[PDB]
Amino acid sequence: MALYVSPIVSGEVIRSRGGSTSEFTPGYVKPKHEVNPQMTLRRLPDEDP
Amino acid sequence: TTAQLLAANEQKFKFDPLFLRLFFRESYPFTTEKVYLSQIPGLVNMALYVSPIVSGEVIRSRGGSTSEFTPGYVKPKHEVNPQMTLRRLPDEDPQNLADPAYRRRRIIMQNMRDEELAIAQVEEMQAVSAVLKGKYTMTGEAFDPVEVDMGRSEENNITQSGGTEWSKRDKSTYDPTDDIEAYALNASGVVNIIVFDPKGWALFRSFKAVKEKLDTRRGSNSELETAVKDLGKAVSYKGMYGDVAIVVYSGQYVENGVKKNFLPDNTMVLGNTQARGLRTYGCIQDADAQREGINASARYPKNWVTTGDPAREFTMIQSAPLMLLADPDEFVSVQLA
Amino acid sequence: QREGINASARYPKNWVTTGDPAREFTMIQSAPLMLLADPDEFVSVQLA
Amino acid sequence: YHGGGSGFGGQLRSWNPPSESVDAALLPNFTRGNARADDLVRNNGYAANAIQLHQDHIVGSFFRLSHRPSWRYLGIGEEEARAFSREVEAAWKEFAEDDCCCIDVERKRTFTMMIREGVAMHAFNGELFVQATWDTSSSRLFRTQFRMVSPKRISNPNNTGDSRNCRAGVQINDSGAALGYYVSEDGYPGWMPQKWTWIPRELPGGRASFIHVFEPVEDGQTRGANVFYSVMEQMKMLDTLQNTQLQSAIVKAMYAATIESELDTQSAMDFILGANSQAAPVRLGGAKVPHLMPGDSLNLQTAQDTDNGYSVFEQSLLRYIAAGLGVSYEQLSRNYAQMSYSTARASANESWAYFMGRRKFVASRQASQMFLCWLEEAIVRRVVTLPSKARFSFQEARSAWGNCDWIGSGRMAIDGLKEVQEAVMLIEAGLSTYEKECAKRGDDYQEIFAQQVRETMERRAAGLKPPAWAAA
């Protein structure tokens with residue numbers, strides 16, 4: 050809040066303000082799956098005979 | 005290890021000028037050293053019986069009283085120097101970036117925002133302190149102490165004591181409406197609005213009879229918001245209570261590092277939405293300002309360069325305000341111990 | 294020199310100092326020197 | 024987009040000019056820029072040539088009024104409008120072209136000179152000001168007098184900083200309009216405190232009380248900027264180069280020869296250079330063959346080529362200046378190198394487009410406002426008569442009563458015979474009229490017809506052969 054100052058006396062300079070910073074780094078992820086024909090040769094559970 | 009600046013927010017205290025908007029309209033700048041506020045007694049004796057022979061006791065004619073006031077002066081300032089511009093700013097991308105010339109135009113903008121906000125906070129504090137108590141004093145370090153003191157009768161600013169305080173008596177089978185009526189009986193003019201600090205609101209609302217004032221089929225026409233209504237805002241317009249609007253005000257002003265509340269810890273104000281409010285601004289006193297031809301204005305801005313070796317480009321705002329109240333007996337303040 | 298002045302009569306200027314307070318000044322300067330081509334066309338008696 | 028980035032290989036990194044409006048980019052350095060342009064105009068051979076070309080081609084030698092009030096909107100009639108036009112035109116010709124030069128207060132110029140000075144001021148300063156005032160002591164018929172106000176005389180009061188409503192001595196309302204101008208008085212003789220006075224833009228009666236003419240670019244531009252801002256630096260550097268080259272040539276050609284010896288510098292110059300002993322002058326007649334002892338020597342120095350390509354670099358810079366200012370290269374530099382007919386005609390056309398644009402805007406608007414400012418007094422004073430049964434009086438529609446056009450000098454052709462055949466071919470067909478053809482040559486066709494019918498009668502009376510235009 051702005052303190053009162055007489056018209057004659059020079060007022061104090063009020064400091065400016067500066068921020069703060071933070072650091073972050075991502076994380077990696079990779080799921081994987083494999084298919085070979087030996088699995089496809091037979092019959093799937095949900096196929097009509 | 006390069007980097008990017010994705011987000012850079014800001015912080016802000018809950019600040020909103022309720023009082024200076026509800027009660028102080030029609031601002032009056034004045035090109036004059038001091039102002040006058042006058043009032044007339046207006047009390048007339050009930051006529052006394054006299055015999056048709058006596059024929060005496062001539063009565064005096066009533067005459068008023070005046071009060072003089074003098075406004076204080078405020079002038080916040082900031083500055084920017086070539087040293088600060090070199091390094092970086094935390095709102096600026098590590099990529100991209102700009103020359104120091106562009107960083108000279110950010111610190112200046114945020115400075116002006118800061119001293120404008122400081123002036124607004126001072127105006128709000130000076131407005132609020134005139135409501136709770138009839139008088140306030142304008143004092144500081146480089147400023148000689150000057151006080152403004154409207155005449156508010158002792159019957160106002162009622163404070164509760166060991167007798168008849170809301171907290172000590174039970175929260176069931178009691179009604180605060182009669183206490184509100186008795187308190188408002190000292191006001192001069194119809195009351196229309198009541199201001200609560202949040203603790204005072206929590207103390208008032210917890211009474212059981214007040215709940216029955218809400219959900220009765222024909223015994224009332226009031227409606228309120230017992231639930232949670234506003235949480236981050238500085239104002240809360242809750243429903244009307246019979247005829248007087250109930251407003252909960254909780255604002256903040258920061259003097260030194262810490263935060264503080266405008267309304268002091270559960271005070272209640274019985275007030276009127278149309279009370280005559282004066283918003284006066286004095287004459288600004290700077291040679292360049294009067295060289296422009298402007299006087300009795302609000303928020304005169306200026307800047308200059310001091311020619312000194314590190315340079316520097318300052319910035320200043322000055323208003324010299326004075327917040328008055330023509331009729332100091334239309335508000336009744338309550339402590340609510 | 295900033296406004297191209299030399300050998301003039303009663304040059305005024307009005308300036309305001311850029312300080313933390315503010316004051317306004319006004320000043321006129323000139324270089325008066327009065328001469329006579331012939332110092333002797335007058336006789337000055339002190340009377341009695 | 025490479026434009027907004029770092030550049031090719033980071034070459035432009037330090038080129039990131041701030042994005043500011045025209046006011047913010049012009050007003051801080053207004054007076055210094057205008058003074059530099061004035062210095063260039065008053066002290067450089069090419070700047071004065073460009074200004075003289077501007078004055079001579081935009082306006083010319085004579086500047087004529089052509090009055091065409093709108094009758095259809097006013098519903099007055101053909102003959103009444105024509106009579107009004109003829110009478111008011113004659114009145115203007117005998118007020119504007121008066122010999123006493125009483126149109127302006129200074130009593131130094133005529134109307135055409137005022138227009139020329141306005142165009143020039145619009146050239147090397149960026150705008151022009153005209154003030155129209157009244158003097159009661161004038162015992163002549165029409166009284167309105169005019170003055171040209173220099174831009175330097177218009178400034179902020181008390182030399183204060185710039186504000187939101189008044190920028191550089193010009194008051195601005197909430198929108199971009201103007202209300203009044205602060206015009207200082209400047210006293211060369213010995214100075215004085217200085218005064219700033221208020222002159223409103225228009226009187227409450229709507230009369231034009233102060234004229235401000237310029238061509239804006241952006242949304243908000245309180246005062247315009249001159250045309251030299253593109254090429255001031257190049258012209259000053261070119262002048263420095265020319266003076267330096269001239270001085271260097273003078274000092275290189277000065278030292279013709281050189282004497283090396285070991286004797287006294289009087290006897291050495293006596294025995295070798297042939298100077299009479301009684320530094321040592323030499324008479325410059327005859328051919329001399331000196332005799333040199335082993336220690337002595339005579340050397341005749343050689344200077345460089347005095348103009349070693351400097352003319353070509355001058356061509357480059359002068360073409361740049363011609364591109365900047367607007368006049369063609371040949372008119373600016375007076376070079377007029379070898380070129381065919383097509384090249385000359387194309388260059389003339391590129392100059393003429395710009396010249397007609399400038400004349401149609403600047404000088405034309407100035408003259409129109411001046412002419413409207415006079416008519417009102419002449420109408421109010423009952424010198425001319427408004428046609429009866431008019432929908433409007435003068436005040437309700439000023440632009441309706443005074444809609445006028447101005448015709449000045451026309452182009453001088455490279456080969457006028459071709460242009461005359463062009464005009465005749467167009468006249469024989471229907472694509473053109475007599476009015477437009479006589480306008481290109483800067484003549485009013487009604488004057489031509491009146492002189493024509495007077496002349497055919499003069500020829501008939503004396504007994505000469507009847508002329509070509511005469512009706513069979």
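Protein chains in written order, with the authors' numbering: chain 2, 50 to 98; chain 3, 5 to 341; chain 1, 294 to 341; chain c, 24 to 301, 320 to 513. Built from N, CA and C at the ideal position, the CB exists for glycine as well.
Is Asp148 (chain 3) close to chain 2, meaning its C-beta is less than 8 Å from at least one C-beta of that chain? Using beta-carbon distances, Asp148 (chain 3) counts as an interface residue toward chain 2, with a partner under 8 Å.
With a 10 Å radius around its C-beta and 16 neighbouring C-beta atoms as the bar for buried, classify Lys81 (chain 3) as buried or exposed. So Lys81 (chain 3) ends up on the buried side.
Counterpart residues of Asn265 (chain 3) in DSSP-defined beta bridges: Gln256 (chain 3)
If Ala238 (chain 3) sits next to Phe19 (chain 3), beta carbons under 8 Å apart, how far is it from one beta carbon to the other, in whole angstroms? 6 Å
Exposed or buried, which one is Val368 (chain c) when buried takes at least 16 other CB atoms within 10 Å? buried
Straight-line CA distance for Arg303 (chain 3) to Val126 (chain 3)? Near 12 Å, if we compare the C-alpha coordinates of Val126 (chain 3) and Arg303 (chain 3).
If I measure Cβ to Cβ from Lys131 (chain c) and keep anything under 8 Å in the same chain, skipping five residues before and after, which residues do I get? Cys124
So, is the C-beta of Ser69 (chain 2) closer than 8 Å to a C-beta in chain 3? yes
For the ligand COA, is there any heavy atom lying closer than 7 Å to the beta carbon of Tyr140 (chain 3)? As for the ligand COA, it is missing from this structure, which has no ligand bound.
Residues in the segment 309 to 323 of chain 1 with C-beta within 9 Å of chain B's C-beta atoms, listed in sequence order? Given the protein chain composition of this structure (2, 3, 1 and c), no chain B is represented.
Between which residues of its own chain and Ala454 (chain c) is the CB-CB distance below 8 Å, once the five residues before and five after are set aside? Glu460
Return helix, strand or coil for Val338 (chain 3), following the three-state DSSP convention. strand
Measuring CB to CB, does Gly451 (chain c) end up less than 8 Å from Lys477 (chain c)? no
Does any residue of chain c have a CB that is nearer than 8 Å to the CB of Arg107 (chain 3)? no
I need the DSSP call for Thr70 (chain 3), collapsed to helix, strand or coil. strand
Going by the beta-carbon positions, is the gap between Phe73 (chain 3) and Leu328 (chain 3) smaller than 8 Å? Inclusion of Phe73 (chain 3) and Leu328 (chain 3) in the CB contact set at 8 Å is warranted, their separation being smaller than that value.
Give me the chain c residues within the contact set of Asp103 (chain 3), using Cβ-Cβ distance strictly less than 8 Å, ordered along the chain. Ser37 and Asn39
Verify the CB distance criterion: does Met142 (chain 3) have a CB-CB separation below 8 Å to chain 2? It does: the Cβ of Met142 (chain 3) has a partner Cβ on chain 2 nearer than 8 Å.
Cβ of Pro216 (chain c) within 8 Å of any chain 1 Cβ: yes
Alpha-carbon to alpha-carbon, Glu417 (chain c) and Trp94 (chain c): Computed Cα separation, rounded: 18 Å.
Along chain c, in chain order, which residues have C-beta atoms closer than 7 Å to that of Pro325 (chain 1)? What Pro325 (chain 1) touches in chain c: nothing, since even the nearest Cβ is about 13 Å away.
Contact set for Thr271 (chain 3): own chain, Cβ-Cβ below 8 Å, skip 5 residues either direction: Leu136, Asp201, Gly204, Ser337, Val338, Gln339 and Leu340.
C-beta contact flag for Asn57 (chain c) and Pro174 (chain c) at 8 Å: yes
For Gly457 (chain c), does the three-state DSSP call read helix, strand or coil? Under the three-state reduction of DSSP output, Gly457 (chain c) falls in the helix class.
Taking a Cβ distance cut-off of 7 Å, strictly less, list which residues of the segment 166 to 199 of chain c are near chain 3, in chain order. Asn181 and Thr183
Quick check on the DSSP output: the beta strand (DSSP E) that includes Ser338 (chain c) runs from which residue to which? Counting along the chain, the beta strand (DSSP E) containing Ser338 (chain c) begins and ends at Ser338 to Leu341.
Determine the chain 2 residues that contact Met129 (chain 3) at a beta-carbon separation under 8 Å, and present them in chain order. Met50
Please name the residue in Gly144 (chain 3), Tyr106 (chain 3), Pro21 (chain 3) and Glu119 (chain 3) whose C-alpha comes closest to that of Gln322 (chain 3). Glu119 (chain 3)
Within the 8 Å Cβ cut-off, does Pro94 (chain 3) reach chain 2? yes
Output needed for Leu341 (chain c): all residues of its chain with C-beta closer than 6 Å, excluding positions within five of it in sequence on either side, in chain order. Correct list, in chain order: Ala280.
Buried or exposed: where does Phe266 (chain 3) fall if 16 or more other Cβ atoms within 10 Å of its Cβ makes it buried? buried
Alpha carbon to alpha carbon, what distance is there between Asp446 (chain c) and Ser405 (chain c)? 8 Å
Just tell me which of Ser178 (chain c), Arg230 (chain c) and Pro331 (chain c) has its CA closest to the CA of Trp221 (chain c). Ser178 (chain c)
Distance between beta carbons of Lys175 (chain 3) and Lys217 (chain 3), contact taken as under 8 Å: No, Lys217 (chain 3) and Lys175 (chain 3) are not in contact; Cβ-Cβ is about 15 Å, not under 8 Å.
Which listed residue (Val132 (chain 3), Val84 (chain 3) and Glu145 (chain 3)) has its alpha carbon closest to that of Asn115 (chain 3): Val84 (chain 3)
Within 8 Å, strictly: CB atoms of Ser42 (chain 3) and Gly76 (chain 3): no
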